[PDB]
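Going down the list, the protein sequences come from chains B, P, C and Z.
Going by our numbering, the residue at position 43 of the first sequence is 1372; the numbering climbs one at a time, nothing skipped.
Going by our numbering, the residue at position 32 of the second sequence is 1361; the numbering climbs one at a time, nothing skipped.
Going by our numbering, the residue at position 144 of the third sequence is 207; the numbering climbs one at a time, nothing skipped.
Going by our numbering, the residue at position 10 of the fourth sequence is 678; the numbering climbs one at a time, nothing skipped.
All C-beta atoms, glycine included, are put in the ideal place defined by N, C-alpha and C.
Written out below as structure tokens is the structure these notes cover.
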Amino acid sequence: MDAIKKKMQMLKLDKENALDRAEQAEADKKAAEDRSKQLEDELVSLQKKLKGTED
Amino acid sequence: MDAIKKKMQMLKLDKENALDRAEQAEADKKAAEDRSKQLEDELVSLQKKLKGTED
Amino acid sequence: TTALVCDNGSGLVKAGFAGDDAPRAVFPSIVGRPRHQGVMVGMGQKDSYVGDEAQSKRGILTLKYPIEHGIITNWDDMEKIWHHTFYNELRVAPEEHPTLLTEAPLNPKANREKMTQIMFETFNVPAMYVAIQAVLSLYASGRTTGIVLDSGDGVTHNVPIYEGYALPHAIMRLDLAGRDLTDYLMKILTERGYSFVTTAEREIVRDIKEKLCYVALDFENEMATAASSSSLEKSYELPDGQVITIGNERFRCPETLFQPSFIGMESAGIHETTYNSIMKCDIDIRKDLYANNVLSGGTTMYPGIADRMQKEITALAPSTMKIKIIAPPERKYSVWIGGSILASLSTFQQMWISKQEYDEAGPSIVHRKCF
Amino acid sequence: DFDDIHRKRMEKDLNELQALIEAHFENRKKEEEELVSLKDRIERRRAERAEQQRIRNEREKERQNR
Ligand SMILES: Nc1ncnc2c1ncn2[C@@H]1O[C@H](COP(=O)(O)OP(=O)(O)O)[C@@H](O)[C@H]1O
Ligand SMILES: [Mg+2]
């Protein structure tokens, strides 16, 4: 009819916005966790270098 | 009718799924970010003690 | 006073006062002289019916569009259309209102100069300004970056913009548009027996195209499905009865957009000229253009085009970039809404081409600083 | 920029839906029930006209039959 189509369009705009936000948040999590794990690896290498210096 | 109900329910389900997924991702992002901050703070002190050891 | 935001277009003239949401009067731009003899005396028969009046008497007229591909080929008819638009559809004399026409990119200069000369001499407006049809469609989306594909009815052009700085070397204008799709649909309907020839029946084929055709997500699978089942055959009732059944002509008519080899055009589809237009841009603004691809114009209203185009570009583009296609529901009037917004701005109020300036430099003022 | 999208979108996102629902409800209420009731009324009047026509036709055929 008439109002039904507009209501469907609203329900679809919510769909697109929610899905896009979810995808963007997932990409953010991937990037942040990669950052953290690379920092942890750098910390490990520093520990090993400290061990060599102690030797 | 029949089509309106199923389509509307499926679209609302899609919106809710995307929202909850985004919230989970953002929570993990915040936790990883704070842990990364902890890693930075500990790494600086590790570098300082390494520098003293080298001196 | 208020400004008149006219938008000539090619196929539908959209006009209205600046500051509203939708154009006040939208009507086809056709001028049709009668072709038969006429025997009733005193019937009050005019010599040319323009606008929406000639879509009701089209049975005994020979409709002819005054704008072929963006450019204007018949200046007297265009003047008649403008006169009708001002006096009968809006009923505001042009002596007291600025006007904001719109023009496709890469159009001949003489067209624009003649347009401004007409507006200043015949209608005698206070001040008029000509704007590129894609920047307005970018205004209406509320963005400030993005590459807009404005597939009108006359000409499809693809203007990339970043941070408000247009890139003049990356505009890809292609002359396939809604009219060629109408002609191709009228040409493939003959494969079932329905022959439309008269210039009046082109309107019927246009209505068929608007109401039935859709863009297929995957072309070969649809061609295979329509050739086995019969779940696609949708029927339509002509203006006199004798319903017709459209089979796989439904998604073959608008497929011409993505494969212009169907109508013999050499160039690549609208899915690949956008990627080429992006790749001509600098290497650092390609991500933003990828993420803010904007659709506009009437012909981009086919059901299922915002998914086919996204699939195609995602196939072409690098796998890391995110491809997003902005397809607002108010696509058809996007250019005019943007025009209203631009005319309503205070910062823009001193960019009009004032009449005294035209009197001092002639019609060639439009190419000068007042663009 | 991009701050008028809220003030031009969110408005009609709810007001338009509610207003169109109101329009549909009032139009259906005004139209369907009244039309069915009026058609039933006209049908009853039509049946009465049919009875009157039958009576008049029969009496005239009775008299005129010679
Ligand atoms: N709902 C629709 N579905 C498919 N095609 C459409 C639809 N509406 C308009 N069109 C096509 O778009 C054309 C109108 O385009 P428009 O944007 O008015 O051109 P212009 O840029 O000259 O104003 C029509 O000729 C028609 O072929
Ligand atoms: Mg246009």
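CA-CA distance, C/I416 and C/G401?
-> Here residue 416 of chain C refers to the residue found at position 353 of the third sequence. Here residue 401 of chain C refers to the residue found at position 338 of the third sequence. Looking at the two C-alpha atoms, the distance is approximately 19 Å.
Residues of chain B with CB under 8 Å from Z/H692, in chain order?
-> By 1-based counting over the fourth sequence, the position of residue 692 of chain Z is 24. Under the 8 Å cutoff, chain B gives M1330, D1331, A1332.
C/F90: first and last residue of the uninterrupted beta strand (DSSP E) it sits in = Looking up residue 90 of chain C in the third sequence gives position 27. From DSSP, the beta strand (DSSP E) with C/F90 extends over 88-90.
Where C/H232 falls: helix, strand or coil (DSSP) | Position 169 of the third sequence, counted from the start, is the residue given in the question as residue 232 of chain C. DSSP places C/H232 in helix when its eight states are reduced to three.
Please find out if some non-hydrogen atom of ligand 1 comes closer than 6 Å to the beta-carbon of C/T362.
-> Here the question's residue 362 of chain C lines up with position 299 in the third sequence. Result yes, Cβ under 6 Å from ligand 1.
Say whether chain Z places a C-beta atom closer than 7 Å to the C-beta of C/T207.
-> Taking the third sequence and counting its residues from 1, one reaches residue 207 of chain C at position 144. Yes, C/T207 counts as interfacial toward chain Z.
Is C/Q412 near ligand 2, going by C-beta to nearest heavy atom under 6 Å?
-> Counted from its first residue, the third sequence places residue 412 of chain C at position 349. Result no, Cβ not under 6 Å from ligand 2.
Assuming C/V113 contacts C/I144 (C-beta within less than 8 Å), just tell me the rounded distance between them.
-> Indexing the third sequence from 1 puts residue 113 of chain C at position 50. Indexing the third sequence from 1 puts residue 144 of chain C at position 81. Rounded, the Cβ-Cβ distance is 6 Å, consistent with contact.
Compare the C-alpha of C/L126 against each of C/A81, C/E266, C/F321 and name the closest.
-> On the third sequence, residue 126 of chain C is found 63 positions in, with the first residue counted as 1. Closest option to C/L126, Cα to Cα, is C/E266.
Tell me whether C/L124 sits in a helix, a strand or coil according to DSSP, three-state version.
-> Here residue 124 of chain C is taken as the residue at index 61 of the third sequence, counted from 1. Here C/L124 sits in strand by DSSP.
Does P/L1342 have its Cβ less than 7 Å from a Cβ in chain B?
-> The count along the second sequence starts at 1 and reaches residue 1342 of chain P at position 13. Closer than 7 Å: no.
Quick one: what's got a C-beta closer than 7 Å to C/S204's C-beta in the same chain, skipping five residues either side?
-> Here residue 204 of chain C is taken as the residue at index 141 of the third sequence, counted from 1. Result list for C/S204: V357, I389, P391, in chain order.
Could you say if the segment 674-688 of chain Z and the segment 209-229 of chain C meet the contact criterion of at least three C-beta pairs nearer than 8 Å?
-> no
Would you kindly report the start and end of the unbroken alpha helix (DSSP H) that includes P/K1341?
-> As a first step, residue 1341 of chain P is located in the second sequence; it is residue number 12 there, counting from the start. That run of the alpha helix (DSSP H) goes 1332-1383.
Express the C-alpha separation of C/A331 and C/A289 in angstroms, rounding to a whole number.
-> What you label residue 289 of chain C is simply residue 226 of the third sequence in a count that begins at 1. What you label residue 331 of chain C is simply residue 268 of the third sequence in a count that begins at 1. In a straight line, the C-alpha of C/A289 is about 26 Å away from that of C/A331.
Supposed close pair C/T208, C/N355 - CB separation, criterion 8 Å = Taking the first residue of the third sequence as 1, we reach residue 208 of chain C at position 145. Taking the first residue of the third sequence as 1, we reach residue 355 of chain C at position 292. Contact holds; Cβ gap of about 5 Å.
With a Cβ-Cβ cutoff of 7 Å, do C/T165 and C/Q196 count as a contact?
-> Numbered from its first residue, the third sequence carries residue 165 of chain C at position 102. Numbered from its first residue, the third sequence carries residue 196 of chain C at position 133. Taking 7 Å as the Cβ cut-off, C/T165 and C/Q196 qualify as a contacting pair.
Under 8 Å by beta carbon: chain P residues contacting B/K1358 | Translated into positions along the first sequence, residue 1358 of chain B becomes position 29. Within chain P, the residues near B/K1358 are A1354, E1355, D1357, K1358, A1361.
What do you reckon, is the C-beta of C/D216 under 6 Å from a heavy atom of ligand 1?
-> Numbered from its first residue, the third sequence carries residue 216 of chain C at position 153. Yes.
Cβ pair count under 8 Å reaching 3, the segment 1366-1377 of chain P against the segment 1364-1372 of chain B = yes
Could you check what DSSP says for C/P317 in three-state terms: helix, strand or coil?
-> Numbered from 1 along the third sequence, position 254 holds the residue referred to as residue 317 of chain C. If DSSP states are grouped into helix, strand and coil, C/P317 belongs with the helices.
Residue environment, C/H232, which counts as buried when at least 16 other CB atoms sit within 10 Å = Counted from its first residue, the third sequence places residue 232 of chain C at position 169. With fewer than 16 Cβ atoms within 10 Å of its Cβ, C/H232 is classed as exposed.
Does any heavy atom of ligand 4 sit closer than 6 Å to the C-beta of C/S73?
-> In the structure shown, ligand 4 is absent; the only ligands present are ligand 1 and ligand 2.
Name the one or two DSSP bridge partners that C/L67 has.
-> The residue labelled residue 67 of chain C in the question sits at position 4 within the third sequence. Answer is C/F80, C/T162.
Within its chain, find whatever has a CB closer than 7 Å to the CB of C/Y257; leave out the 5 residues flanking it on each side and keep chain order.
-> Taking the first residue of the third sequence as position 1, residue 257 of chain C is located at position 194. If we look at C/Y257 and ignore the five residues flanking it on each side, its Cβ neighbours are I307.
How about C/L280 and C/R371: do their beta carbons lie closer than 7 Å?
-> The residue you call residue 280 of chain C lines up with position 217 of the third sequence. The residue you call residue 371 of chain C lines up with position 308 of the third sequence. Yes. Within cutoff.
What do you reckon, are the CB atoms on C/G361 and C/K395 nearer than 7 Å?
-> What you label residue 361 of chain C is simply residue 298 of the third sequence in a count that begins at 1. What you label residue 395 of chain C is simply residue 332 of the third sequence in a count that begins at 1. Yes, the pair counts as a contact, with Cβ atoms nearer than the cut-off.
Helix, strand or coil at C/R255 [DSSP, three-state] | On the third sequence, position 192 is the one that residue 255 of chain C refers to. C/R255 falls in the coil class under three-state DSSP.
Could you name each continuous beta strand (DSSP E) segment of 3 residues or more that falls completely within the segment 338-418 of chain C, going from the start of the chain to the end?
-> 356-359
Give the residues of chain P in contact with B/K1378, contact being defined as C-beta atoms less than 8 Å apart.
-> As a position in the first sequence, residue 1378 of chain B is number 49, starting the count at 1. Here the neighbours are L1379.
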